[PDB]
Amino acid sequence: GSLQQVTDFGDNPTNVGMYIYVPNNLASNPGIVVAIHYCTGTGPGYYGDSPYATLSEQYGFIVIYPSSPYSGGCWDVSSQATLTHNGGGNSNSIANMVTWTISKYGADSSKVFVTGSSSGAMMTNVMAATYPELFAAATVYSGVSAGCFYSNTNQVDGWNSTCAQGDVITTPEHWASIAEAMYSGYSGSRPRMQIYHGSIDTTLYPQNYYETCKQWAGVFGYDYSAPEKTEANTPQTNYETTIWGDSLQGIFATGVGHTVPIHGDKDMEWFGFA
């Protein structure tokens, strides 16, 4: 099919770009995958460097690639605007790309997923907390927990070094409260979360794996210290999968740095296309 830029998709004061890949083999009622790029990247760049456009020709979903407006290409995952439901930041623009696409293509709103890598993984967690209503499931490749990049001076697209270096450590309860405040009083459904992180990540250090799993455990009321199951060498040698429940699993990749390589077929399974 083709990658098209869309410029009028709804309110977008932070000027995020929107690109979509509409497959040739478009399903009758297509799903949506939102695939969110890393720093120094762009939406078309992530299109070029991820399996989603290929998989969309198999499964017939539309892929949305949001594109950062900021110098350096990171996502704003620090401002109040981006860290609040309807706050008007980058995350709100991404939400609007979703709803534009659902209406324009008759996409199935119950089959909308979000995934990303590095900065886009940070944004994935933020999308899950700020627009939980939009997403059935999410897959995070090497990010930080929602609100870990909080700026204590309301900076937009600010890098939080304390968080990245793994110095921010707290309880499931505290992280859950932080995620909950991104949509205060929301009690509806939330996407099922899958969190990947590598053990030799020297950009977003591995403590962030545990902080993120703590967060979603706290959000879904799972006992962080008592997972349901742990699967060795799953999905492959030196990856370990911890399942806390239907709405949370973490995959820790020993010997892997920034970022954990996208596992496209595994994504299709978690989302439910496969």
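Each residue number is its position in the shown sequence, starting from 1.
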{"query": "Stretch with the higher entry mean CA B-factor, where the candidates are 68-76 and 170-178", "finding": "170-178"}
{"query": "133-141 set against 185-193, stretch whose average Cα temperature factor tops the other in the entry", "finding": "185-193"}
{"query": "Selection by C-alpha B-factor (highest) of 50, 42, 236, 56", "finding": "236"}
{"query": "93, 101, 117, 203, ranked by C-alpha B-factor: the highest one", "finding": "203"}
{"query": "Third of the chain, ranked by Cα B-factor, where residue 82 sits", "finding": "lowest"}
{"query": "Third of the chain's Cα B-factor distribution that residue 27 belongs to, per the entry", "finding": "middle"}
{"query": "Residue 156 - which third its CA temperature factor falls in, relative to the rest of the chain", "finding": "middle"}
{"query": "Assigned third (lowest, middle, highest) for the C-alpha B factor of residue 164", "finding": "highest"}
{"query": "Residue 125, C-alpha B-factor rank within chain (lowest, middle or highest third)", "finding": "lowest"}
